[PDB]
file protein-v4.csv (CSV, C-alpha atoms and all ligand atoms)
chain,number,residue,atom,x,y,z
A,1,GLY,CA,25.7,25.7,57.6
A,2,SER,CA,28.3,23.7,55.8
A,3,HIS,CA,27.1,20.6,54.0
A,4,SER,CA,28.8,17.8,52.1
A,5,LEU,CA,28.0,15.1,49.6
A,6,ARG,CA,30.6,12.3,49.1
A,7,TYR,CA,30.7,9.1,47.1
A,8,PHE,CA,33.2,6.4,48.1
A,9,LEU,CA,33.8,3.9,45.3
A,10,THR,CA,35.7,0.6,45.6
A,11,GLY,CA,36.6,-2.0,43.0
A,12,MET,CA,38.2,-5.2,44.2
A,13,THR,CA,39.6,-8.3,42.4
A,14,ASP,CA,39.3,-10.3,45.6
A,15,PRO,CA,36.3,-9.0,47.6
A,16,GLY,CA,35.8,-12.2,49.7
A,17,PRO,CA,33.1,-14.9,50.0
A,18,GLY,CA,29.6,-13.6,49.1
A,19,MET,CA,30.9,-10.0,48.6
A,20,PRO,CA,30.5,-7.6,45.6
A,21,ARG,CA,33.5,-6.7,43.5
A,22,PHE,CA,32.3,-3.0,43.1
A,23,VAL,CA,30.7,-0.9,45.8
A,24,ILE,CA,29.5,2.7,46.0
A,25,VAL,CA,28.5,4.3,49.3
A,26,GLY,CA,27.0,7.8,49.3
A,27,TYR,CA,27.1,10.1,52.3
A,28,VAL,CA,25.4,13.4,53.0
A,29,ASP,CA,26.7,15.2,56.2
A,30,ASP,CA,28.0,11.9,57.6
A,31,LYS,CA,24.8,9.9,56.8
A,32,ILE,CA,24.6,7.2,54.2
A,33,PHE,CA,21.9,8.1,51.8
A,34,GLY,CA,22.4,5.5,49.0
A,35,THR,CA,24.3,2.4,48.0
A,36,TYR,CA,25.3,0.6,44.8
A,37,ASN,CA,27.1,-2.8,44.4
A,38,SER,CA,27.8,-5.2,41.5
A,39,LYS,CA,25.6,-8.0,43.0
A,40,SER,CA,22.4,-5.9,43.1
A,41,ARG,CA,23.4,-3.7,40.1
A,42,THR,CA,20.9,-1.1,41.5
A,43,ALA,CA,21.4,2.2,43.3
A,44,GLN,CA,19.1,2.5,46.2
A,45,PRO,CA,18.4,5.1,49.0
A,46,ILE,CA,18.6,4.4,52.7
A,47,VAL,CA,14.8,4.7,53.3
A,48,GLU,CA,15.5,5.8,56.9
A,49,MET,CA,17.1,9.0,55.6
A,50,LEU,CA,15.2,9.3,52.3
A,51,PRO,CA,11.7,8.0,52.8
A,52,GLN,CA,10.0,9.2,49.6
A,53,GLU,CA,12.4,9.0,46.6
A,54,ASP,CA,11.1,9.0,43.1
A,55,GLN,CA,12.1,6.2,40.8
A,56,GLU,CA,13.4,8.6,38.1
A,57,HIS,CA,16.2,9.9,40.2
A,58,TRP,CA,17.5,6.4,41.2
A,59,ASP,CA,17.3,5.1,37.6
A,60,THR,CA,19.8,7.8,36.6
A,61,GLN,CA,21.9,7.0,39.7
A,62,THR,CA,21.8,3.3,38.9
A,63,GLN,CA,23.0,3.9,35.4
A,64,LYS,CA,25.8,6.3,36.3
A,65,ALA,CA,26.9,3.7,38.9
A,66,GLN,CA,26.9,0.9,36.4
A,67,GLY,CA,29.1,3.1,34.1
A,68,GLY,CA,31.4,3.6,37.1
A,69,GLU,CA,31.6,-0.2,37.6
A,70,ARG,CA,32.7,-0.6,34.0
A,71,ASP,CA,35.4,2.0,34.3
A,72,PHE,CA,36.7,0.4,37.5
A,73,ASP,CA,36.8,-3.0,35.7
A,74,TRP,CA,38.9,-1.3,33.0
A,75,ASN,CA,41.3,0.2,35.5
A,76,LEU,CA,41.7,-3.0,37.5
A,77,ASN,CA,42.6,-4.8,34.3
A,78,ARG,CA,45.2,-2.3,33.0
A,79,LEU,CA,46.8,-0.8,36.1
A,80,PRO,CA,48.5,-3.9,37.6
A,81,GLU,CA,50.4,-4.7,34.5
A,82,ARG,CA,51.3,-1.0,33.9
A,83,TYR,CA,52.8,-0.9,37.5
A,84,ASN,CA,54.7,-4.2,36.9
A,85,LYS,CA,52.9,-5.8,39.8
A,86,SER,CA,50.3,-8.1,38.2
A,87,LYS,CA,50.8,-10.6,41.0
A,88,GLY,CA,48.4,-10.4,43.9
A,89,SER,CA,44.9,-9.0,44.6
A,90,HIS,CA,44.2,-5.4,43.5
A,91,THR,CA,41.9,-2.5,44.4
A,92,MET,CA,40.7,0.7,42.8
A,93,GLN,CA,39.1,3.5,44.7
A,94,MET,CA,37.6,6.9,44.1
A,95,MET,CA,36.3,9.6,46.4
A,96,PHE,CA,34.4,12.6,44.9
A,97,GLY,CA,31.8,15.1,45.8
A,98,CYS,CA,31.1,18.7,46.7
A,99,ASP,CA,30.8,21.1,49.7
A,100,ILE,CA,28.2,23.8,49.9
A,101,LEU,CA,29.8,26.2,52.4
A,102,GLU,CA,27.7,28.4,54.7
A,103,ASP,CA,28.1,31.4,52.3
A,104,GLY,CA,27.1,29.5,49.2
A,105,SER,CA,30.5,29.0,47.6
A,106,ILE,CA,31.2,25.5,46.3
A,107,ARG,CA,34.1,23.0,46.7
A,108,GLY,CA,34.7,20.0,44.5
A,109,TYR,CA,36.7,16.9,45.5
A,110,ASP,CA,37.8,14.1,43.0
A,111,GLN,CA,40.5,11.6,44.0
A,112,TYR,CA,41.6,8.1,42.9
A,113,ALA,CA,43.7,5.4,44.5
A,114,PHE,CA,45.2,2.2,43.1
A,115,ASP,CA,46.1,-0.6,45.5
A,116,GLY,CA,45.3,1.8,48.4
A,117,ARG,CA,47.9,4.4,47.2
A,118,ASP,CA,47.3,7.8,45.7
A,119,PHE,CA,46.9,7.6,41.9
A,120,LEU,CA,45.3,10.7,40.4
A,121,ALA,CA,43.3,13.7,41.3
A,122,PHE,CA,41.3,16.4,39.5
A,123,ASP,CA,40.8,20.0,40.6
A,124,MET,CA,37.5,21.4,39.4
A,125,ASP,CA,38.3,25.1,39.9
A,126,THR,CA,41.3,25.0,37.6
A,127,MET,CA,40.2,21.8,35.7
A,128,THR,CA,43.7,20.4,36.0
A,129,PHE,CA,44.8,16.9,36.9
A,130,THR,CA,47.6,15.7,39.2
A,131,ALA,CA,49.3,12.3,39.1
A,132,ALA,CA,50.8,10.6,42.2
A,133,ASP,CA,53.7,9.0,40.2
A,134,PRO,CA,55.2,8.6,36.8
A,135,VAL,CA,52.9,5.7,35.9
A,136,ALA,CA,49.8,7.7,36.9
A,137,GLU,CA,51.2,10.5,34.8
A,138,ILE,CA,50.4,8.3,31.7
A,139,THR,CA,46.8,8.4,32.7
A,140,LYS,CA,46.9,12.1,33.5
A,141,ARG,CA,48.3,13.1,30.1
A,142,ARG,CA,46.0,10.9,28.1
A,143,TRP,CA,42.9,12.3,29.9
A,144,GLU,CA,43.8,16.0,29.8
A,145,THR,CA,44.9,15.7,26.2
A,146,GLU,CA,41.7,14.2,25.2
A,147,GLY,CA,39.8,17.2,26.7
A,148,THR,CA,36.6,15.4,27.6
A,149,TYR,CA,37.1,14.4,31.3
A,150,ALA,CA,37.7,17.9,32.6
A,151,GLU,CA,34.5,19.2,31.1
A,152,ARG,CA,32.5,16.1,32.3
A,153,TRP,CA,33.8,16.4,35.9
A,154,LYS,CA,33.7,20.2,36.1
A,155,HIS,CA,30.0,19.7,35.3
A,156,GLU,CA,29.7,16.6,37.6
A,157,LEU,CA,31.3,18.3,40.6
A,158,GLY,CA,30.2,21.9,40.3
A,159,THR,CA,26.6,21.3,38.9
A,160,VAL,CA,25.3,17.8,39.2
A,161,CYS,CA,26.8,17.2,42.6
A,162,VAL,CA,25.6,20.6,43.9
A,163,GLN,CA,22.1,19.9,42.7
A,164,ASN,CA,21.9,16.4,44.3
A,165,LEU,CA,23.3,17.7,47.6
A,166,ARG,CA,20.6,20.4,47.6
A,167,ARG,CA,18.0,17.7,46.8
A,168,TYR,CA,19.2,15.2,49.5
A,169,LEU,CA,19.3,17.9,52.2
A,170,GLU,CA,15.7,18.8,51.4
A,171,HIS,CA,14.4,15.2,51.0
A,172,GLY,CA,16.3,14.0,54.1
A,173,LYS,CA,15.7,17.1,56.2
A,174,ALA,CA,13.6,15.2,58.8
A,175,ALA,CA,16.5,12.9,59.4
A,176,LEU,CA,19.2,15.5,59.0
A,177,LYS,CA,17.9,18.1,61.4
A,178,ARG,CA,17.0,15.6,64.2
A,179,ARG,CA,19.7,16.1,66.8
A,180,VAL,CA,20.5,12.9,68.7
A,181,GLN,CA,22.1,13.3,72.1
A,182,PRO,CA,25.0,11.0,73.2
A,183,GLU,CA,24.2,8.5,75.9
A,184,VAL,CA,27.2,8.4,78.1
A,185,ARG,CA,28.5,5.6,80.3
A,186,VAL,CA,31.6,6.0,82.6
A,187,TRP,CA,33.2,2.8,83.9
A,188,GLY,CA,36.3,1.8,85.8
A,189,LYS,CA,38.1,-1.5,86.4
A,190,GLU,CA,41.1,-2.1,88.7
A,191,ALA,CA,44.0,-4.3,87.7
A,192,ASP,CA,47.3,-4.6,89.6
A,193,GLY,CA,47.7,-1.1,91.0
A,194,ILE,CA,45.8,0.9,88.4
A,195,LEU,CA,42.2,1.7,87.7
A,196,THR,CA,41.1,2.2,84.1
A,197,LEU,CA,38.3,4.8,83.7
A,198,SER,CA,36.5,4.6,80.3
A,199,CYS,CA,34.0,7.1,79.1
A,200,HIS,CA,31.9,6.0,76.1
A,201,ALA,CA,29.4,8.2,74.2
A,202,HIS,CA,26.7,6.1,72.6
A,203,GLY,CA,24.6,6.9,69.6
A,204,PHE,CA,25.0,10.6,68.7
A,205,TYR,CA,24.2,12.7,65.6
A,206,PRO,CA,25.7,14.8,64.2
A,207,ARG,CA,29.1,13.1,64.0
A,208,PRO,CA,31.4,15.8,65.6
A,209,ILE,CA,31.9,15.2,69.3
A,210,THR,CA,34.6,16.0,71.9
A,211,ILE,CA,35.5,14.0,75.0
A,212,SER,CA,38.1,14.9,77.6
A,213,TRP,CA,38.9,14.0,81.2
A,214,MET,CA,39.2,16.2,84.2
A,215,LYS,CA,40.8,16.2,87.7
A,216,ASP,CA,39.4,19.2,89.5
A,217,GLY,CA,38.6,21.6,86.7
A,218,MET,CA,41.9,20.7,85.0
A,219,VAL,CA,42.0,18.5,82.0
A,220,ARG,CA,44.4,15.5,81.9
A,221,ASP,CA,45.3,15.1,78.2
A,222,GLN,CA,48.7,13.5,79.0
A,223,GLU,CA,47.3,10.2,80.3
A,224,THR,CA,44.2,10.1,78.1
A,225,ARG,CA,43.8,8.0,75.0
A,226,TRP,CA,40.9,8.2,72.6
A,227,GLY,CA,39.3,5.4,70.7
A,228,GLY,CA,38.1,7.7,67.9
A,229,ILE,CA,34.8,8.1,66.3
A,230,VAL,CA,33.2,4.9,64.9
A,231,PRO,CA,29.8,4.2,63.3
A,232,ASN,CA,26.6,2.5,64.5
A,233,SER,CA,24.4,0.8,62.0
A,234,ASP,CA,21.6,3.4,62.2
A,235,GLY,CA,23.5,6.5,61.2
A,236,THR,CA,24.6,7.6,64.6
A,237,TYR,CA,28.1,7.5,66.0
A,238,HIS,CA,30.1,6.2,69.0
A,239,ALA,CA,33.2,7.7,70.6
A,240,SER,CA,35.3,7.0,73.7
A,241,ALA,CA,38.2,8.1,75.8
A,242,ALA,CA,40.2,6.2,78.5
A,243,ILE,CA,42.5,7.3,81.3
A,244,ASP,CA,44.3,5.3,84.0
A,245,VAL,CA,44.1,6.5,87.6
A,246,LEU,CA,45.4,5.5,91.0
A,247,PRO,CA,42.3,3.7,92.4
A,248,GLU,CA,42.2,6.1,95.4
A,249,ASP,CA,41.4,9.1,93.1
A,250,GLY,CA,38.7,7.9,90.8
A,251,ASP,CA,35.9,10.0,92.2
A,252,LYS,CA,38.0,13.1,91.3
A,253,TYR,CA,37.9,12.4,87.6
A,254,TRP,CA,35.1,13.8,85.4
A,255,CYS,CA,34.4,13.0,81.7
A,256,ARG,CA,33.4,16.1,79.7
A,257,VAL,CA,31.4,15.7,76.5
A,258,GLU,CA,30.6,18.5,74.0
A,259,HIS,CA,28.0,17.9,71.2
A,260,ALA,CA,25.7,19.9,69.0
A,261,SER,CA,22.7,18.3,70.8
A,262,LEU,CA,23.8,19.7,74.2
A,263,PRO,CA,23.3,23.4,75.0
A,264,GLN,CA,26.0,23.0,77.6
A,265,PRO,CA,28.8,20.5,77.7
A,266,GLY,CA,28.0,17.6,80.0
A,267,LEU,CA,30.1,16.4,83.0
A,268,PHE,CA,30.1,12.6,83.9
A,269,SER,CA,31.7,10.8,86.7
A,270,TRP,CA,32.4,7.2,87.6
B,2,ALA,CA,50.5,-1.5,60.1
B,3,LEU,CA,47.7,-2.2,57.5
B,4,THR,CA,46.2,-4.9,59.8
B,5,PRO,CA,42.7,-4.3,61.0
B,6,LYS,CA,42.3,-2.0,64.0
B,7,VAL,CA,39.3,-3.4,65.8
B,8,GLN,CA,36.8,-1.9,68.3
B,9,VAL,CA,33.9,-3.8,69.9
B,10,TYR,CA,31.0,-1.9,71.4
B,11,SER,CA,27.3,-2.1,72.0
B,12,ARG,CA,24.9,0.3,70.3
B,13,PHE,CA,23.5,1.5,73.7
B,14,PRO,CA,24.9,1.6,77.2
B,15,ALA,CA,24.9,-2.1,78.0
B,16,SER,CA,22.7,-3.6,80.7
B,17,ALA,CA,22.2,-7.3,81.6
B,18,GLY,CA,19.0,-8.6,80.0
B,19,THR,CA,18.1,-5.5,77.9
B,20,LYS,CA,17.9,-6.0,74.1
B,21,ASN,CA,20.8,-4.2,72.4
B,22,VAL,CA,23.2,-4.5,69.4
B,23,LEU,CA,26.8,-5.6,69.5
B,24,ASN,CA,29.1,-3.8,67.0
B,25,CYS,CA,32.5,-4.9,65.7
B,26,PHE,CA,34.3,-2.1,63.8
B,27,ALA,CA,37.5,-3.0,61.9
B,28,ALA,CA,39.4,-0.2,60.2
B,29,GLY,CA,42.7,0.9,58.7
B,30,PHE,CA,43.3,-2.3,56.8
B,31,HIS,CA,44.3,-3.3,53.3
B,32,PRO,CA,43.4,-5.3,51.2
B,33,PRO,CA,39.7,-5.1,51.7
B,34,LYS,CA,39.0,-8.9,52.0
B,35,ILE,CA,38.3,-9.6,55.7
B,36,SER,CA,36.5,-12.0,58.0
B,37,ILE,CA,34.7,-10.6,61.1
B,38,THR,CA,32.6,-12.8,63.4
B,39,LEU,CA,30.6,-11.8,66.4
B,40,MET,CA,30.5,-14.4,69.1
B,41,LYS,CA,28.9,-15.3,72.4
B,42,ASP,CA,30.9,-17.9,74.4
B,43,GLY,CA,32.8,-18.7,71.3
B,44,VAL,CA,29.6,-19.5,69.4
B,45,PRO,CA,29.0,-17.2,66.4
B,46,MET,CA,26.0,-14.9,66.9
B,47,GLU,CA,23.0,-15.3,64.6
B,48,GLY,CA,21.6,-12.5,62.4
B,49,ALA,CA,24.8,-10.5,61.8
B,50,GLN,CA,24.9,-7.8,59.1
B,51,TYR,CA,27.9,-6.4,57.4
B,52,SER,CA,28.3,-2.8,56.1
B,53,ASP,CA,29.0,-2.1,52.5
B,54,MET,CA,32.7,-1.9,51.8
B,55,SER,CA,33.9,1.6,52.4
B,56,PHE,CA,37.1,3.3,53.5
B,57,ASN,CA,38.7,6.2,55.2
B,58,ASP,CA,40.0,9.4,53.6
B,59,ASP,CA,43.4,7.8,53.8
B,60,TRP,CA,42.1,5.0,51.5
B,61,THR,CA,42.3,2.5,54.3
B,62,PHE,CA,39.4,0.1,54.3
B,63,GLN,CA,36.9,-0.5,57.1
B,64,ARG,CA,33.8,-2.5,58.0
B,65,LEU,CA,31.1,-2.6,60.6
B,66,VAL,CA,29.5,-5.9,61.7
B,67,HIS,CA,26.5,-5.7,64.0
B,68,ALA,CA,24.0,-8.1,65.5
B,69,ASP,CA,21.1,-8.0,67.9
B,70,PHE,CA,21.9,-9.5,71.2
B,71,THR,CA,20.7,-9.4,74.8
B,72,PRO,CA,23.9,-9.2,76.9
B,73,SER,CA,24.1,-11.8,79.6
B,74,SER,CA,26.1,-11.1,82.7
B,75,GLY,CA,27.6,-14.6,82.6
B,76,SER,CA,28.7,-14.5,78.9
B,77,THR,CA,31.9,-13.5,77.1
B,78,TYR,CA,31.2,-11.6,73.9
B,79,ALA,CA,34.0,-11.3,71.3
B,80,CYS,CA,34.8,-10.4,67.8
B,81,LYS,CA,37.1,-12.6,65.7
B,82,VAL,CA,38.9,-11.1,62.8
B,83,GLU,CA,40.8,-12.9,60.0
B,84,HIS,CA,42.8,-10.9,57.5
B,85,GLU,CA,45.7,-11.8,55.2
B,86,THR,CA,47.9,-9.5,57.2
B,87,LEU,CA,47.4,-11.8,60.2
B,88,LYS,CA,49.0,-15.2,60.6
B,89,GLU,CA,46.2,-16.4,63.0
B,90,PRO,CA,42.7,-14.9,63.6
B,91,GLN,CA,42.7,-12.2,66.3
B,92,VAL,CA,39.8,-12.1,68.7
B,93,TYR,CA,38.8,-8.9,70.5
B,94,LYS,CA,36.7,-9.2,73.7
B,95,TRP,CA,33.7,-7.0,74.4
B,96,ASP,CA,34.1,-5.0,77.7
B,97,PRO,CA,30.5,-4.9,78.9
B,98,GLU,CA,30.9,-2.2,81.5
B,99,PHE,CA,28.2,-3.5,83.8
A,301,LIG,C1,25.1,6.1,46.1
A,301,LIG,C2,24.8,5.3,44.8
A,301,LIG,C3,24.6,6.2,43.6
A,301,LIG,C4,26.0,6.3,42.9
A,301,LIG,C5,26.1,7.7,42.1
A,301,LIG,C6,26.7,7.5,40.8
A,301,LIG,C7,28.1,8.2,40.7
A,301,LIG,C8,29.1,7.2,40.2
A,301,LIG,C9,30.1,8.1,39.3
A,301,LIG,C10,30.7,7.3,38.2
A,301,LIG,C11,32.2,7.0,38.5
A,301,LIG,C12,33.1,7.2,37.2
A,301,LIG,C13,34.4,6.6,37.4
A,301,LIG,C14,35.5,7.1,36.5
A,301,LIG,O1,36.3,7.9,36.9
A,301,LIG,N1,35.5,6.7,35.1
A,301,LIG,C15,36.6,7.3,34.2
A,301,LIG,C16,36.0,8.4,33.4
A,301,LIG,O2,35.0,9.1,33.9
A,301,LIG,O3,36.5,8.6,32.3
A,302,CL,CL,27.2,7.7,89.3

call {"tool": "encode", "arguments": {"input": "protein-v4.csv", "output": "structure tokens"}}
result
Amino acid sequence: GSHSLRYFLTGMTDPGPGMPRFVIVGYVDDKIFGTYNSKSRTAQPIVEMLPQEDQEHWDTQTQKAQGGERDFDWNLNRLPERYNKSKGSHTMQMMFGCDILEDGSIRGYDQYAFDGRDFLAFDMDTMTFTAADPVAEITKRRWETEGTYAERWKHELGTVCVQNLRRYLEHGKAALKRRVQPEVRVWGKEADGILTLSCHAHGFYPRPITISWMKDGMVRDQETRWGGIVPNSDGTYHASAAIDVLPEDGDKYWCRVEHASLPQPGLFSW
Amino acid sequence: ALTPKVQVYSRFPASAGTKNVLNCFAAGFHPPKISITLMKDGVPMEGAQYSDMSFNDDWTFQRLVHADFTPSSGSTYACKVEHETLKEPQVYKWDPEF
């Protein structure tokens, strides 16, 4: 019963051809629910997840986003010189949100990164900042001495975020509760003396999945390598594991897949 | 590293002649500027869409590119990735498993 809302904010001085300088992606329980970017200058739900959003909500979101784009612009303009590294392209990132745990207690997250490196972080439950380095300390001391950010973001993390998570879980409940089984394909190919067995899980939701290989009823972690969990475009996920086998033992190897959509783990051969 | 880590996969278990989607996922890279091109027989595929820039919890950037396609048994499908950490574009071949 644990649920999460996360915003992932990027500001870029060199985004690339036809690409926005400032992007916000919002996730509920590993599903993108809304987006903002500097080219559209509007915050918009993923209608697949949120089919009936009111305009009022997304006006507010669009304006908070635009304010976030201004602040990133101000960071990207001051930070490089402060770090005596004004040469090059530059990035600014922020991750923030909240968790509603199964018992109803709350967790807030609020983290910043400059040029891909930890910069600053804020802890809602104590309302204290931490800086990643002496230059970030300048920002930390200015913000905590002014007093306003900690109130703001205590409120943002522990109230506003919590309310919106509760809202998105309800509005997107059709999409959030639909469990989506993995579609699994096992495949080998024999080069030189070895046979590569690959087990691929296609299109599952929710995102947590386990894949492992078996000879007899014994796993074989030592020769397995995992591709990791990667996204599809439709809010499902893809995962995979590979293992190399003597070509005269491939019928003895079984791919095991555990997923919330499967009452029992599923066993798949080549 | 900080170069792209690239995986190429189809949305569904692939089968010759059945409409599908080819995905190219590049992750772990910085800076965020990056070129990813889906290709059939070295011709760029049409209709490709690119995910909004996002990143991993370690701040490393990532991007999904996808495009409708109908895999052909006699075609090579690849993903070409250019990034300032690379001296020459790297191409990654789709393994159709069929
Ligand atoms: C999914 C699209 C909807 C986006 C939701 C809007 C939330 C954006 C939050 C503003 C980010 C503010 C940055 C910052 O740290 N400014 C400095 C400061 O607050 O003093
Ligand atoms: Cl079979």

call {"tool": "axis_aligned_box", "arguments": {"input": "protein-v4.csv", "around": "ligand LIG 301 (chain A)", "padding_each_side": "4 Å", "output": "lines of an AutoDock Vina configuration file"}}
result
center_x = 30.6
center_y = 7.2
center_z = 39.2
size_x = 20.0
size_y = 11.8
size_z = 21.8

call {"tool": "residues_near_ligand", "arguments": {"input": "protein-v4.csv", "ligand": "ligand CL 302 (chain A)", "cutoff": "10 Å", "atoms": "all atoms listed in the file", "output": "list in words"}}
result
residues 185, 186, 187, 251, 268, 269 and 270 of chain A

call {"tool": "residues_around", "arguments": {"input": "protein-v4.csv", "residues": "segment 159-175 of chain A", "least_positions_apart": "2", "cutoff": "7 Å", "atoms": "all atoms listed in the file", "output": "compact mmCIF listing (two decimals) with C-alpha atoms, keeping the file's coordinate frame"}}
result
# COMPACT_ATOMS: atom_id res chain seq x y z
CA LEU A 5 28.00 15.10 49.60
CA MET A 49 17.10 9.00 55.60
CA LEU A 50 15.20 9.30 52.30
CA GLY A 97 31.80 15.10 45.80
CA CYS A 98 31.10 18.70 46.70
CA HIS A 155 30.00 19.70 35.30
CA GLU A 156 29.70 16.60 37.60
CA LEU A 157 31.30 18.30 40.60
CA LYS A 177 17.90 18.10 61.40
CA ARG A 178 17.00 15.60 64.20

call {"tool": "residues_near_ligand", "arguments": {"input": "protein-v4.csv", "ligand": "ligand LIG 301 (chain A)", "cutoff": "10 Å", "atoms": "only C-alpha atoms and all ligand atoms", "output": "ChimeraX atom specification"}}
result
/A:6-9,23-27,32-37,42-46,57-75,93-97,110-112,143,148-150,152-153,156,161,164

call {"tool": "atom_distance", "arguments": {"input": "protein-v4.csv", "atom1": "atom CA of residue 220 of chain A", "atom2": "atom CA of residue 193 of chain A"}}
result
19.2 Å

call {"tool": "interface_residues", "arguments": {"input": "protein-v4.csv", "of": "chain A", "to": "chain B", "cutoff": "8 Å", "atoms": "only C-alpha atoms", "output": "PyMOL selection string"}}
result
chain A and resi 8-10+12+14-16+23-25+35+89-91+93+113+115-117+183-185+187-188+202-203+230-233+238

call {"tool": "residues_near_point", "arguments": {"input": "protein-v4.csv", "point": "(47.1, -9.5, 57.9)", "cutoff": "10 Å", "atoms": "only C-alpha atoms", "output": "PyMOL selection string"}}
result
chain B and resi 2-5+30-32+35+82-91

call {"tool": "closest_residue", "arguments": {"input": "protein-v4.csv", "among": "A:3, A:107, A:85, A:259", "to": "residue 126 of chain A", "atoms": "only C-alpha atoms"}}
result
A:107

call {"tool": "atom_distance", "arguments": {"input": "protein-v4.csv", "atom1": "atom CA of residue 227 of chain A", "atom2": "atom CA of residue 189 of chain A"}}
result
17.2 Å

call {"tool": "atom_distance", "arguments": {"input": "protein-v4.csv", "atom1": "atom CA of residue 4 of chain A", "atom2": "atom CA of residue 119 of chain A"}}
result
23.1 Å

call {"tool": "residues_near_point", "arguments": {"input": "protein-v4.csv", "point": "(32.9, -6.0, 43.2)", "cutoff": "6 Å", "atoms": "only C-alpha atoms", "output": "ChimeraX atom specification"}}
result
/A:11-12,20-22,38

call {"tool": "residues_around", "arguments": {"input": "protein-v4.csv", "residues": "residue 92 of chain B", "least_positions_apart": "6", "cutoff": "8 Å", "atoms": "all atoms listed in the file", "output": "VMD selection string"}}
result
chain B and resid 79 to 82

call {"tool": "closest_residue", "arguments": {"input": "protein-v4.csv", "among": "A:139, A:145, A:224, A:105", "to": "residue 120 of chain A", "atoms": "only C-alpha atoms"}}
result
A:139

call {"tool": "build_atoms", "arguments": {"input": "protein-v4.csv", "residues": "segment 48-60 of chain A", "atoms": "N, CA, C and O atoms", "output": "mmCIF file, in the frame of the given file"}}
result
data_model
loop_
_atom_site.group_PDB
_atom_site.id
_atom_site.type_symbol
_atom_site.label_atom_id
_atom_site.label_comp_id
_atom_site.auth_asym_id
_atom_site.auth_seq_id
_atom_site.Cartn_x
_atom_site.Cartn_y
_atom_site.Cartn_z
ATOM 1 N N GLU A 48 15.499 5.106 55.641
ATOM 2 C CA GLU A 48 15.500 5.800 56.900
ATOM 3 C C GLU A 48 15.801 7.312 56.697
ATOM 4 O O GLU A 48 15.131 8.194 57.238
ATOM 5 N N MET A 49 16.808 7.603 55.882
ATOM 6 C CA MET A 49 17.100 9.000 55.600
ATOM 7 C C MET A 49 16.273 9.584 54.453
ATOM 8 O O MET A 49 15.944 10.769 54.508
ATOM 9 N N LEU A 50 15.896 8.804 53.448
ATOM 10 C CA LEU A 50 15.200 9.300 52.300
ATOM 11 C C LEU A 50 13.942 8.524 52.058
ATOM 12 O O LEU A 50 13.886 7.598 51.241
ATOM 13 N N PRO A 51 12.875 8.884 52.780
ATOM 14 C CA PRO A 51 11.700 8.000 52.800
ATOM 15 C C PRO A 51 10.841 8.011 51.590
ATOM 16 O O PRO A 51 10.075 7.059 51.399
ATOM 17 N N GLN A 52 10.914 9.053 50.742
ATOM 18 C CA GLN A 52 10.000 9.200 49.600
ATOM 19 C C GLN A 52 10.787 9.634 48.350
ATOM 20 O O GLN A 52 10.670 10.743 47.828
ATOM 21 N N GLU A 53 11.615 8.724 47.850
ATOM 22 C CA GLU A 53 12.400 9.000 46.600
ATOM 23 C C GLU A 53 11.561 8.554 45.411
ATOM 24 O O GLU A 53 10.839 7.552 45.433
ATOM 25 N N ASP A 54 11.667 9.348 44.352
ATOM 26 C CA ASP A 54 11.100 9.000 43.100
ATOM 27 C C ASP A 54 12.009 8.010 42.344
ATOM 28 O O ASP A 54 13.232 8.021 42.527
ATOM 29 N N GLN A 55 11.393 7.149 41.529
ATOM 30 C CA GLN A 55 12.100 6.200 40.800
ATOM 31 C C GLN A 55 13.029 6.806 39.708
ATOM 32 O O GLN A 55 14.132 6.320 39.457
ATOM 33 N N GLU A 56 12.574 7.904 39.096
ATOM 34 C CA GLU A 56 13.400 8.600 38.100
ATOM 35 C C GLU A 56 14.768 8.908 38.544
ATOM 36 O O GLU A 56 15.747 8.602 37.858
ATOM 37 N N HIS A 57 14.890 9.551 39.706
ATOM 38 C CA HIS A 57 16.200 9.900 40.200
ATOM 39 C C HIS A 57 17.123 8.691 40.316
ATOM 40 O O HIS A 57 18.291 8.743 39.896
ATOM 41 N N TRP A 58 16.603 7.573 40.845
ATOM 42 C CA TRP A 58 17.500 6.400 41.200
ATOM 43 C C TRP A 58 17.722 5.526 39.956
ATOM 44 O O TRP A 58 18.690 4.760 39.986
ATOM 45 N N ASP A 59 16.906 5.622 38.901
ATOM 46 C CA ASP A 59 17.300 5.100 37.600
ATOM 47 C C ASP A 59 18.546 5.790 37.064
ATOM 48 O O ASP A 59 19.485 5.130 36.608
ATOM 49 N N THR A 60 18.549 7.125 37.046
ATOM 50 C CA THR A 60 19.800 7.800 36.600
ATOM 51 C C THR A 60 20.946 7.391 37.474
ATOM 52 O O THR A 60 21.969 6.960 36.930
#
